[PDB]
Every structure is written in C-alpha cells, then in structure tokens.
Amino acid sequence: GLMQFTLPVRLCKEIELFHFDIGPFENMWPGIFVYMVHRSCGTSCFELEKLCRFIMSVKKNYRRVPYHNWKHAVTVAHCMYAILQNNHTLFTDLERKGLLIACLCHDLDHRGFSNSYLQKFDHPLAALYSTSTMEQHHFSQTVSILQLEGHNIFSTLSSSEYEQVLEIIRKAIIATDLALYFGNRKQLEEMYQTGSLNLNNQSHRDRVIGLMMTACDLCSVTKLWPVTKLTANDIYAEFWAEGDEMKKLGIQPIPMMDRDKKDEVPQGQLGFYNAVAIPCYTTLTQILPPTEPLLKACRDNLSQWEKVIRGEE
Ligand SMILES: Cn1cc(NC(=O)c2nc(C3CC3)ccc2Nc2cncnc2)c(C(=O)NCC(C)(C)O)n1
Ligand SMILES: [Mg+2]
Ligand SMILES: [Zn+2]
C-alpha cells in the first residue's frame, strides 16, 4: 500500500511523454507497467501481489515472435497510459482499470500470423471464431488467466462492476481487429463533424475506446524515427514469414508479405500512413485534443518515409 514504484529520473520524465520507448531491459517492463497502473488508476486499484502474479502469467503466454510479443503488449499499455494521463477527467474509475489490462492482454498468444492466414490455413480457431478470429482468441486467453488461482485482480469489484470491466476489456480487445477500425473511425468522423458525438452515450464511448485501442496498437508509427524505423523491421519479419507460409499453401502473397518485394516497402508504408494511421490519430485528436502529439509524431514518420523514397536515406 505504502510501497510506491519509482523509476530512474530519465524514465520518470520520459514515460509521461507519448513517444516513450520502454527500452531493451525486459525485467524492468513489469515494474514500468505497475508504475503506470499506480499513477493512472491508484495504489488501491489492484492488490500488488495479485497484479504481479497476473503480469507474469500474461508475460508467459506471449510468444517469441519478432513483433507480436511481450514488448508490444507493454508498449501498447504505455500509449494507453499517456492518453489517460492527458485526459484526466474524461474516463471512469473502471475504464482506467479495464483499458490498461486490455492493452497488456490485447495480443495474448499471438503466433505471428493474421486472421486471413488462419482462415486460408483452415486453422481450428477459424472454425470456433469466423470474424476477429485472433482478437476473440486473445480475450479468451485473458479470461483464462483472470480465472487461474491468485490471478483475479478485480476481486474487490461487485459482480456487476466485474461484468462491466470484462465487457470493457472484451470490446477493447476486439477493437484491435484493424478490419473493424475503418467503419468505427468513419462513424466517429461523422458524429464529430455533424456534432452528434456524445460521451454520456455508452454506444459512443465504446466507439471512442475502440479508436484509442487502434491508436495505441499502431503507436510504433508515433515514436522518434530511429524507434519507428527499427520496429518496421520487426513487423515485416512477421509479414515475410506469413507470406512464406502463404507461398507454402500455393498462394502468391500480397507484395507486403513477399520478402522478394523489399524495394516496394517505403511506398507500402506511405499507403499505410495515408490509409490507416494519419486518419486514426486525426480523428482521435478531434475527440481528445491532448492526443495531438500522436498525430505530430505520425506525420514526422510519414515525412521520413517520403525522404527514404527520395533516396536522401
Ligand atoms: C503495406 N502495408 C503495411 C501495413 N501494416 C503495417 O505496416 C503495420 N501494421 C501494424 C498493425 C496491423 C495494425 C502495425 C505497424 C505497421 N507498420 C509499422 C511501421 N513502423 C513501425 N511499426 C509498425 C499494411 C496494412 O496492414 N494495411 C491494412 C490492410 C492490409 C488490412 O488493408 N499494408
Ligand atoms: Mg492483434
Ligand atoms: Zn497488437
């Protein structure tokens, strides 16, 4: 209770910023996450012994893949921290509790392959879950660990408040199916612009929380260039591995996933920045102005990709 986590000065300062990198020291990441919970939610939110045992079970059940790993899970959790600490009054006590835990669990048990490859491989999870195949599997994993003994971190909530938070976490983990981002944003764009957006409307809240979960998920496009550039390599290591497996089924993969098509990558990032990221953060700023720094960071990294095409690097 009187046991505050304190980070070295550089981290203490640099963790409040949006563009923070959580560093290459794995064993610090659980402390970082706990520091973030305590400042974002409170020292009372979670029994510190149940939290630490949860955190380390979640860590155990992320795999050793290049991108969709334990570092991603913590990275995404930080971007959510940053948003909440810059939107102090807007979000309920349960929302702050739920969301940080959703982000840490969003990609639980990721294999390094998309929903499309699970379908075309005819994987069992495709049979169980036709749409948002992995994201439903992720949430299934979270629920499984929450229920392990000495892991129920929400044991002080009422039966209703506990259903509330698992629903927040369910919607939040499904939201990270990018195939749902497009319509969700498009519906928030109109609502803002026609001025019918209303944060007391709980169907609108689910949408805005949906945007926050994309924003956080893609937040490697919102780092300083050297972190974004280097994380590109990790994401494309999963992409090219999946295309290898697409080739293996007798399917010529989309250039993105074809490791013979590395020349096309800069342009592919443009199309991604213009098509998915700039619009994601634009629409997020319009709803949550103090998230502007994610847009600024995104655009800077958009410019660095133009500069790579122009040969200046
Ligand atoms: C050519 N191309 C690249 C794509 N995606 C990515 O490059 C990308 N995806 C994600 C996850 C999925 C959200 C996260 C980071 C990413 N890049 C990145 C850059 N720098 C640092 N870290 C990460 C797409 C794409 O998915 N289009 C959308 C579809 C293909 C679904 O239409 N198309
Ligand atoms: Mg995912
Ligand atoms: Zn993710």
# chains A, B, ... in the order shown; residues from 1 in each chain; ligands from 1

$ residues_around --residues "residue 262 (chain A)" --least-positions-apart "3" --cutoff "12 Å" --atoms "only C-alpha atoms" --output "ChimeraX atom specification"
/A:232-233,236-237,239-240,255-259,265-269

$ write_last_selection --atoms "N, CA and C atoms" --output "mmCIF file, in the first residue's frame"
data_model
loop_
_atom_site.group_PDB
_atom_site.id
_atom_site.type_symbol
_atom_site.label_atom_id
_atom_site.label_comp_id
_atom_site.auth_asym_id
_atom_site.auth_seq_id
_atom_site.Cartn_x
_atom_site.Cartn_y
_atom_site.Cartn_z
ATOM 1 N N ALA A 232 9.728 -1.207 -37.651
ATOM 2 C CA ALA A 232 9.320 -1.626 -39.018
ATOM 3 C C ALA A 232 9.883 -3.024 -39.301
ATOM 4 N N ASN A 233 11.202 -3.208 -39.137
ATOM 5 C CA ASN A 233 11.937 -4.476 -39.415
ATOM 6 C C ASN A 233 11.246 -5.653 -38.732
ATOM 7 N N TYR A 236 7.803 -6.409 -40.306
ATOM 8 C CA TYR A 236 7.995 -7.018 -41.648
ATOM 9 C C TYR A 236 8.588 -8.428 -41.528
ATOM 10 N N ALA A 237 9.231 -8.763 -40.408
ATOM 11 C CA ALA A 237 9.756 -10.128 -40.158
ATOM 12 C C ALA A 237 8.574 -11.089 -39.999
ATOM 13 N N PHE A 239 5.405 -10.351 -41.264
ATOM 14 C CA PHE A 239 4.779 -10.259 -42.610
ATOM 15 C C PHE A 239 5.445 -11.243 -43.589
ATOM 16 N N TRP A 240 6.774 -11.200 -43.745
ATOM 17 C CA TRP A 240 7.524 -12.040 -44.725
ATOM 18 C C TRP A 240 7.449 -13.525 -44.336
ATOM 19 N N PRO A 255 2.162 -8.210 -52.100
ATOM 20 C CA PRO A 255 3.553 -7.765 -52.043
ATOM 21 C C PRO A 255 4.065 -7.517 -50.615
ATOM 22 N N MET A 256 3.225 -6.896 -49.792
ATOM 23 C CA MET A 256 3.519 -6.538 -48.382
ATOM 24 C C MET A 256 4.204 -7.722 -47.689
ATOM 25 N N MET A 257 3.676 -8.926 -47.898
ATOM 26 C CA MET A 257 4.105 -10.164 -47.198
ATOM 27 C C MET A 257 5.140 -10.942 -48.020
ATOM 28 N N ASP A 258 5.551 -10.415 -49.172
ATOM 29 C CA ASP A 258 6.513 -11.085 -50.076
ATOM 30 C C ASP A 258 7.903 -10.506 -49.811
ATOM 31 N N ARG A 259 8.818 -11.349 -49.333
ATOM 32 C CA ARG A 259 10.180 -10.933 -48.931
ATOM 33 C C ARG A 259 11.053 -10.729 -50.172
ATOM 34 N N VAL A 265 8.650 -1.482 -50.089
ATOM 35 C CA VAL A 265 8.283 -1.314 -48.649
ATOM 36 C C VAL A 265 8.044 0.161 -48.329
ATOM 37 N N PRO A 266 8.998 1.076 -48.609
ATOM 38 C CA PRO A 266 8.766 2.506 -48.391
ATOM 39 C C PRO A 266 7.384 2.987 -48.859
ATOM 40 N N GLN A 267 7.015 2.667 -50.105
ATOM 41 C CA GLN A 267 5.722 3.067 -50.726
ATOM 42 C C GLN A 267 4.578 2.421 -49.937
ATOM 43 N N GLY A 268 4.719 1.141 -49.586
ATOM 44 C CA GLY A 268 3.738 0.403 -48.767
ATOM 45 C C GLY A 268 3.478 1.066 -47.419
ATOM 46 N N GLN A 269 4.503 1.659 -46.797
ATOM 47 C CA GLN A 269 4.379 2.449 -45.535
ATOM 48 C C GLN A 269 3.630 3.770 -45.771
#

$ residues_near_ligand --ligand "ligand 2" --cutoff "6 Å" --atoms "only C-alpha atoms and all ligand atoms" --output "number ranges by chain"
A: 107, 135, 176

$ atom_distance --atom1 "CA of residue 12 (chain A)" --atom2 "CA of residue 99 (chain A)"
21.5 Å

$ residues_near_ligand --ligand "ligand 1" --cutoff "10 Å" --atoms "only C-alpha atoms and all ligand atoms" --output "mmCIF file with N, CA, C and O atoms, in the first residue's frame"
data_model
loop_
_atom_site.group_PDB
_atom_site.id
_atom_site.type_symbol
_atom_site.label_atom_id
_atom_site.label_comp_id
_atom_site.auth_asym_id
_atom_site.auth_seq_id
_atom_site.Cartn_x
_atom_site.Cartn_y
_atom_site.Cartn_z
ATOM 1 N N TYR A 67 7.495 -9.282 -33.580
ATOM 2 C CA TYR A 67 6.691 -8.061 -33.295
ATOM 3 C C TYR A 67 5.632 -8.323 -32.212
ATOM 4 O O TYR A 67 5.591 -7.577 -31.219
ATOM 5 N N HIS A 68 4.791 -9.341 -32.396
ATOM 6 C CA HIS A 68 3.550 -9.536 -31.605
ATOM 7 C C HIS A 68 3.885 -10.201 -30.268
ATOM 8 O O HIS A 68 3.275 -11.246 -29.921
ATOM 9 N N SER A 114 -1.865 -13.326 -39.384
ATOM 10 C CA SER A 114 -3.133 -12.560 -39.457
ATOM 11 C C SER A 114 -4.335 -13.508 -39.434
ATOM 12 O O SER A 114 -4.167 -14.695 -39.725
ATOM 13 N N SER A 116 -6.420 -13.612 -41.777
ATOM 14 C CA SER A 116 -6.548 -14.099 -43.180
ATOM 15 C C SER A 116 -5.825 -15.433 -43.333
ATOM 16 O O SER A 116 -6.344 -16.312 -44.034
ATOM 17 N N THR A 176 -9.130 -4.083 -31.668
ATOM 18 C CA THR A 176 -7.743 -4.133 -32.204
ATOM 19 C C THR A 176 -7.709 -4.980 -33.476
ATOM 20 O O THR A 176 -6.629 -5.056 -34.092
ATOM 21 N N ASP A 177 -8.846 -5.557 -33.874
ATOM 22 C CA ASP A 177 -9.046 -6.121 -35.236
ATOM 23 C C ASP A 177 -9.162 -4.959 -36.234
ATOM 24 O O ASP A 177 -10.281 -4.450 -36.397
ATOM 25 N N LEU A 178 -8.054 -4.570 -36.888
ATOM 26 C CA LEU A 178 -7.992 -3.364 -37.770
ATOM 27 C C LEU A 178 -9.152 -3.373 -38.772
ATOM 28 O O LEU A 178 -9.598 -2.277 -39.147
ATOM 29 N N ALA A 179 -9.608 -4.562 -39.188
ATOM 30 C CA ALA A 179 -10.729 -4.773 -40.130
ATOM 31 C C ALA A 179 -12.009 -4.137 -39.578
ATOM 32 O O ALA A 179 -12.955 -3.970 -40.362
ATOM 33 N N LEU A 180 -12.032 -3.793 -38.286
ATOM 34 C CA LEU A 180 -13.152 -3.076 -37.620
ATOM 35 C C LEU A 180 -12.831 -1.583 -37.435
ATOM 36 O O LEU A 180 -13.796 -0.835 -37.243
ATOM 37 N N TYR A 181 -11.551 -1.167 -37.467
ATOM 38 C CA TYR A 181 -11.111 0.255 -37.319
ATOM 39 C C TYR A 181 -11.827 1.148 -38.349
ATOM 40 O O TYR A 181 -12.275 2.251 -37.967
ATOM 41 N N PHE A 182 -11.928 0.710 -39.609
ATOM 42 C CA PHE A 182 -12.286 1.581 -40.760
ATOM 43 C C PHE A 182 -13.684 2.173 -40.548
ATOM 44 O O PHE A 182 -13.833 3.412 -40.596
ATOM 45 N N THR A 214 -7.013 1.026 -31.335
ATOM 46 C CA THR A 214 -6.234 1.143 -32.602
ATOM 47 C C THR A 214 -5.044 2.086 -32.374
ATOM 48 O O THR A 214 -3.907 1.638 -32.546
ATOM 49 N N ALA A 215 -5.300 3.339 -31.982
ATOM 50 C CA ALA A 215 -4.279 4.399 -31.806
ATOM 51 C C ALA A 215 -3.066 3.826 -31.078
ATOM 52 O O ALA A 215 -1.952 3.938 -31.625
ATOM 53 N N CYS A 216 -3.302 3.237 -29.903
ATOM 54 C CA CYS A 216 -2.293 2.567 -29.031
ATOM 55 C C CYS A 216 -1.595 1.421 -29.765
ATOM 56 O O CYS A 216 -0.362 1.304 -29.698
ATOM 57 N N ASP A 217 -2.378 0.579 -30.413
ATOM 58 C CA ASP A 217 -1.873 -0.619 -31.122
ATOM 59 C C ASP A 217 -0.859 -0.198 -32.186
ATOM 60 O O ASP A 217 0.185 -0.857 -32.257
ATOM 61 N N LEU A 218 -1.144 0.847 -32.975
ATOM 62 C CA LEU A 218 -0.299 1.275 -34.131
ATOM 63 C C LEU A 218 0.810 2.237 -33.681
ATOM 64 O O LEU A 218 1.557 2.696 -34.581
ATOM 65 N N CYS A 219 0.952 2.475 -32.362
ATOM 66 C CA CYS A 219 1.732 3.594 -31.756
ATOM 67 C C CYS A 219 3.244 3.466 -31.991
ATOM 68 O O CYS A 219 3.966 4.357 -31.514
ATOM 69 N N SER A 220 3.720 2.452 -32.719
ATOM 70 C CA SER A 220 5.119 2.401 -33.230
ATOM 71 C C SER A 220 5.316 3.405 -34.380
ATOM 72 O O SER A 220 6.477 3.802 -34.615
ATOM 73 N N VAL A 221 4.238 3.829 -35.048
ATOM 74 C CA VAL A 221 4.285 4.897 -36.094
ATOM 75 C C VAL A 221 4.387 6.283 -35.424
ATOM 76 O O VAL A 221 4.610 7.277 -36.163
ATOM 77 N N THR A 222 4.264 6.356 -34.090
ATOM 78 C CA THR A 222 4.211 7.624 -33.311
ATOM 79 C C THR A 222 5.435 7.763 -32.398
ATOM 80 O O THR A 222 5.349 8.543 -31.436
ATOM 81 N N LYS A 223 6.537 7.080 -32.718
ATOM 82 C CA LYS A 223 7.821 7.186 -31.976
ATOM 83 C C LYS A 223 8.792 8.047 -32.776
ATOM 84 O O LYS A 223 8.488 8.385 -33.941
ATOM 85 N N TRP A 225 11.964 8.681 -35.121
ATOM 86 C CA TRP A 225 12.230 7.933 -36.374
ATOM 87 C C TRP A 225 13.055 6.673 -36.088
ATOM 88 O O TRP A 225 12.668 5.574 -36.480
ATOM 89 N N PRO A 226 14.191 6.753 -35.360
ATOM 90 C CA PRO A 226 15.031 5.574 -35.128
ATOM 91 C C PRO A 226 14.333 4.377 -34.458
ATOM 92 O O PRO A 226 14.779 3.255 -34.661
ATOM 93 N N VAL A 227 13.293 4.631 -33.658
ATOM 94 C CA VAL A 227 12.486 3.565 -32.994
ATOM 95 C C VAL A 227 11.468 3.010 -33.993
ATOM 96 O O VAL A 227 11.327 1.783 -34.064
ATOM 97 N N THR A 228 10.759 3.889 -34.706
ATOM 98 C CA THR A 228 9.781 3.519 -35.765
ATOM 99 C C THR A 228 10.486 2.736 -36.883
ATOM 100 O O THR A 228 10.021 1.617 -37.211
ATOM 101 N N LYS A 229 11.578 3.273 -37.432
ATOM 102 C CA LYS A 229 12.350 2.587 -38.499
ATOM 103 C C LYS A 229 12.655 1.163 -38.031
ATOM 104 O O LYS A 229 12.308 0.240 -38.770
ATOM 105 N N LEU A 230 13.257 0.998 -36.846
ATOM 106 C CA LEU A 230 13.784 -0.303 -36.342
ATOM 107 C C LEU A 230 12.646 -1.276 -36.046
ATOM 108 O O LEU A 230 12.858 -2.475 -36.250
ATOM 109 N N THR A 231 11.518 -0.792 -35.516
ATOM 110 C CA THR A 231 10.291 -1.604 -35.259
ATOM 111 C C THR A 231 9.644 -2.020 -36.590
ATOM 112 O O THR A 231 9.052 -3.111 -36.628
ATOM 113 N N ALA A 232 9.728 -1.207 -37.651
ATOM 114 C CA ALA A 232 9.320 -1.626 -39.018
ATOM 115 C C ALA A 232 9.883 -3.024 -39.301
ATOM 116 O O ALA A 232 9.092 -3.910 -39.631
ATOM 117 N N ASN A 233 11.202 -3.208 -39.137
ATOM 118 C CA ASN A 233 11.937 -4.476 -39.415
ATOM 119 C C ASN A 233 11.246 -5.653 -38.732
ATOM 120 O O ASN A 233 11.119 -6.719 -39.371
ATOM 121 N N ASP A 234 10.880 -5.472 -37.461
ATOM 122 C CA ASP A 234 10.187 -6.492 -36.631
ATOM 123 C C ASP A 234 8.833 -6.827 -37.254
ATOM 124 O O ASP A 234 8.597 -7.999 -37.500
ATOM 125 N N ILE A 235 7.991 -5.834 -37.530
ATOM 126 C CA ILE A 235 6.645 -6.074 -38.137
ATOM 127 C C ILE A 235 6.853 -6.818 -39.464
ATOM 128 O O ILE A 235 6.187 -7.827 -39.660
ATOM 129 N N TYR A 236 7.803 -6.409 -40.306
ATOM 130 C CA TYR A 236 7.995 -7.018 -41.648
ATOM 131 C C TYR A 236 8.588 -8.428 -41.528
ATOM 132 O O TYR A 236 8.411 -9.220 -42.477
ATOM 133 N N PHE A 239 5.405 -10.351 -41.264
ATOM 134 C CA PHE A 239 4.779 -10.259 -42.610
ATOM 135 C C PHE A 239 5.445 -11.243 -43.589
ATOM 136 O O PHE A 239 4.721 -12.044 -44.194
ATOM 137 N N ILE A 254 0.245 -11.093 -51.130
ATOM 138 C CA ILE A 254 0.243 -9.637 -51.435
ATOM 139 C C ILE A 254 1.669 -9.123 -51.228
ATOM 140 O O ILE A 254 2.366 -9.568 -50.313
ATOM 141 N N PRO A 255 2.162 -8.210 -52.100
ATOM 142 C CA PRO A 255 3.553 -7.765 -52.043
ATOM 143 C C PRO A 255 4.065 -7.517 -50.615
ATOM 144 O O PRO A 255 5.187 -7.891 -50.298
ATOM 145 N N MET A 256 3.225 -6.896 -49.792
ATOM 146 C CA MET A 256 3.519 -6.538 -48.382
ATOM 147 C C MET A 256 4.204 -7.722 -47.689
ATOM 148 O O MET A 256 5.209 -7.512 -46.997
ATOM 149 N N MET A 257 3.676 -8.926 -47.898
ATOM 150 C CA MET A 257 4.105 -10.164 -47.198
ATOM 151 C C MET A 257 5.140 -10.942 -48.020
ATOM 152 O O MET A 257 5.562 -12.018 -47.558
ATOM 153 N N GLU A 264 9.545 -2.311 -52.544
ATOM 154 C CA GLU A 264 8.181 -1.700 -52.512
ATOM 155 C C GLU A 264 7.805 -1.235 -51.094
ATOM 156 O O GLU A 264 6.727 -0.628 -50.941
ATOM 157 N N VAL A 265 8.650 -1.482 -50.089
ATOM 158 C CA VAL A 265 8.283 -1.314 -48.649
ATOM 159 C C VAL A 265 8.044 0.161 -48.329
ATOM 160 O O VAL A 265 6.980 0.512 -47.815
ATOM 161 N N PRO A 266 8.998 1.076 -48.609
ATOM 162 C CA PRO A 266 8.766 2.506 -48.391
ATOM 163 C C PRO A 266 7.384 2.987 -48.859
ATOM 164 O O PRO A 266 6.690 3.614 -48.072
ATOM 165 N N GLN A 267 7.015 2.667 -50.105
ATOM 166 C CA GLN A 267 5.722 3.067 -50.726
ATOM 167 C C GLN A 267 4.578 2.421 -49.937
ATOM 168 O O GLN A 267 3.584 3.111 -49.653
ATOM 169 N N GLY A 268 4.719 1.141 -49.586
ATOM 170 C CA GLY A 268 3.738 0.403 -48.767
ATOM 171 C C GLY A 268 3.478 1.066 -47.419
ATOM 172 O O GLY A 268 2.317 1.019 -46.960
ATOM 173 N N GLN A 269 4.503 1.659 -46.797
ATOM 174 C CA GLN A 269 4.379 2.449 -45.535
ATOM 175 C C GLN A 269 3.630 3.770 -45.771
ATOM 176 O O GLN A 269 2.800 4.108 -44.903
ATOM 177 N N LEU A 270 3.925 4.498 -46.862
ATOM 178 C CA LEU A 270 3.135 5.685 -47.303
ATOM 179 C C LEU A 270 1.650 5.318 -47.293
ATOM 180 O O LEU A 270 0.859 5.981 -46.565
ATOM 181 N N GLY A 271 1.287 4.308 -48.091
ATOM 182 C CA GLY A 271 -0.112 3.883 -48.282
ATOM 183 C C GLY A 271 -0.755 3.570 -46.949
ATOM 184 O O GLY A 271 -1.902 3.978 -46.734
ATOM 185 N N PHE A 272 -0.009 2.897 -46.073
ATOM 186 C CA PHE A 272 -0.399 2.597 -44.673
ATOM 187 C C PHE A 272 -0.537 3.880 -43.848
ATOM 188 O O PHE A 272 -1.484 3.966 -43.047
ATOM 189 N N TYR A 273 0.408 4.819 -43.959
ATOM 190 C CA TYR A 273 0.365 6.065 -43.154
ATOM 191 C C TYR A 273 -0.848 6.882 -43.601
ATOM 192 O O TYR A 273 -1.638 7.324 -42.729
ATOM 193 N N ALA A 275 -3.489 5.755 -45.361
ATOM 194 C CA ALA A 275 -4.730 4.941 -45.370
ATOM 195 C C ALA A 275 -5.275 4.642 -43.959
ATOM 196 O O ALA A 275 -6.516 4.494 -43.837
ATOM 197 N N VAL A 276 -4.416 4.519 -42.937
ATOM 198 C CA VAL A 276 -4.799 3.890 -41.635
ATOM 199 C C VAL A 276 -4.377 4.738 -40.431
ATOM 200 O O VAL A 276 -5.188 4.846 -39.510
ATOM 201 N N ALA A 277 -3.141 5.248 -40.401
ATOM 202 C CA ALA A 277 -2.515 5.872 -39.210
ATOM 203 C C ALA A 277 -2.870 7.363 -39.127
ATOM 204 O O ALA A 277 -3.434 7.763 -38.086
ATOM 205 N N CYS A 298 3.289 10.904 -35.862
ATOM 206 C CA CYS A 298 2.887 10.082 -37.023
ATOM 207 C C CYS A 298 3.322 10.781 -38.310
ATOM 208 O O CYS A 298 3.962 10.131 -39.151
ATOM 209 N N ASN A 301 7.027 10.849 -39.069
ATOM 210 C CA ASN A 301 7.440 9.498 -39.537
ATOM 211 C C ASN A 301 6.903 9.275 -40.951
ATOM 212 O O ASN A 301 7.547 8.520 -41.689
ATOM 213 N N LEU A 302 5.778 9.905 -41.319
ATOM 214 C CA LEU A 302 5.267 9.925 -42.716
ATOM 215 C C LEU A 302 6.314 10.594 -43.606
ATOM 216 O O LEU A 302 6.653 10.014 -44.644
ATOM 217 N N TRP A 305 9.501 8.602 -44.323
ATOM 218 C CA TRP A 305 9.244 7.553 -45.354
ATOM 219 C C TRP A 305 9.297 8.139 -46.770
ATOM 220 O O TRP A 305 9.770 7.435 -47.685
#

$ select_by_dssp --residues "region 63-311 of chain A" --states "helix (DSSP H, G or I)" --output "JSON, numbers by chain"
{"A": [70, 71, 72, 73, 74, 75, 76, 77, 78, 79, 80, 81, 82, 83, 84, 85, 93, 94, 95, 96, 97, 98, 99, 100, 101, 102, 103, 104, 105, 115, 116, 117, 118, 119, 120, 124, 125, 126, 127, 128, 133, 134, 135, 136, 137, 138, 139, 140, 141, 142, 143, 144, 145, 146, 147, 159, 160, 161, 162, 163, 164, 165, 166, 167, 168, 169, 170, 171, 172, 173, 174, 175, 178, 179, 180, 181, 182, 183, 184, 185, 186, 187, 188, 189, 190, 191, 192, 193, 202, 203, 204, 205, 206, 207, 208, 209, 210, 211, 212, 213, 214, 215, 216, 217, 219, 220, 221, 222, 225, 226, 227, 228, 229, 230, 231, 232, 233, 234, 235, 236, 237, 238, 239, 240, 241, 242, 243, 244, 245, 246, 247, 248, 249, 255, 256, 257, 265, 266, 267, 268, 269, 270, 271, 272, 273, 274, 275, 276, 277, 278, 279, 280, 281, 282, 283, 284, 285, 286, 287, 289, 290, 291, 292, 293, 294, 295, 296, 297, 298, 299, 300, 301, 302, 303, 304, 305, 306, 307, 308, 309]}

$ residues_around --residues "region 278-292 of chain A" --least-positions-apart "5" --cutoff "8 Å" --atoms "only C-alpha atoms" --output "number ranges by chain"
A: 83, 86-87, 185, 188-189, 192, 208, 211-212, 214-215, 273, 298-299

$ write_last_selection --atoms "N, CA and C atoms" --output "mmCIF file, in the first residue's frame"
data_model
loop_
_atom_site.group_PDB
_atom_site.id
_atom_site.type_symbol
_atom_site.label_atom_id
_atom_site.label_comp_id
_atom_site.auth_asym_id
_atom_site.auth_seq_id
_atom_site.Cartn_x
_atom_site.Cartn_y
_atom_site.Cartn_z
ATOM 1 N N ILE A 83 -2.435 8.533 -22.870
ATOM 2 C CA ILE A 83 -3.767 9.064 -23.302
ATOM 3 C C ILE A 83 -4.583 9.417 -22.054
ATOM 4 N N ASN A 86 -3.381 12.340 -19.950
ATOM 5 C CA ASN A 86 -3.576 13.620 -20.688
ATOM 6 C C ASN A 86 -5.075 13.886 -20.898
ATOM 7 N N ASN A 87 -5.937 12.982 -20.431
ATOM 8 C CA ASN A 87 -7.421 13.105 -20.462
ATOM 9 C C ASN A 87 -7.922 12.691 -19.074
ATOM 10 N N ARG A 185 -13.988 4.387 -37.004
ATOM 11 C CA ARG A 185 -13.496 5.767 -37.266
ATOM 12 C C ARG A 185 -14.518 6.505 -38.125
ATOM 13 N N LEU A 188 -17.286 7.743 -36.186
ATOM 14 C CA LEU A 188 -16.868 8.804 -35.238
ATOM 15 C C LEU A 188 -16.589 10.103 -36.004
ATOM 16 N N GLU A 189 -16.089 10.021 -37.243
ATOM 17 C CA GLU A 189 -15.805 11.213 -38.089
ATOM 18 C C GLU A 189 -17.124 11.973 -38.262
ATOM 19 N N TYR A 192 -18.576 13.502 -34.834
ATOM 20 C CA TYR A 192 -17.820 14.749 -34.528
ATOM 21 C C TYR A 192 -18.356 15.871 -35.420
ATOM 22 N N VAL A 208 -15.275 5.366 -29.175
ATOM 23 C CA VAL A 208 -14.091 6.220 -28.845
ATOM 24 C C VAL A 208 -13.012 5.333 -28.215
ATOM 25 N N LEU A 211 -11.327 3.438 -30.960
ATOM 26 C CA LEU A 211 -10.317 4.284 -31.643
ATOM 27 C C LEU A 211 -9.030 4.291 -30.810
ATOM 28 N N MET A 212 -9.145 4.534 -29.499
ATOM 29 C CA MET A 212 -7.994 4.573 -28.551
ATOM 30 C C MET A 212 -7.185 3.270 -28.676
ATOM 31 N N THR A 214 -7.013 1.026 -31.335
ATOM 32 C CA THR A 214 -6.234 1.143 -32.602
ATOM 33 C C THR A 214 -5.044 2.086 -32.374
ATOM 34 N N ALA A 215 -5.300 3.339 -31.982
ATOM 35 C CA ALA A 215 -4.279 4.399 -31.806
ATOM 36 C C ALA A 215 -3.066 3.826 -31.078
ATOM 37 N N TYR A 273 0.408 4.819 -43.959
ATOM 38 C CA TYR A 273 0.365 6.065 -43.154
ATOM 39 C C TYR A 273 -0.848 6.882 -43.601
ATOM 40 N N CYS A 298 3.289 10.904 -35.862
ATOM 41 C CA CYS A 298 2.887 10.082 -37.023
ATOM 42 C C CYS A 298 3.322 10.781 -38.310
ATOM 43 N N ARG A 299 3.001 12.071 -38.437
ATOM 44 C CA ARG A 299 3.259 12.865 -39.666
ATOM 45 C C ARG A 299 4.773 12.961 -39.908
#

$ closest_residue --among "A:18, A:70, A:154, A:117" --to "ligand 3" --atoms "only C-alpha atoms and all ligand atoms"
A:70
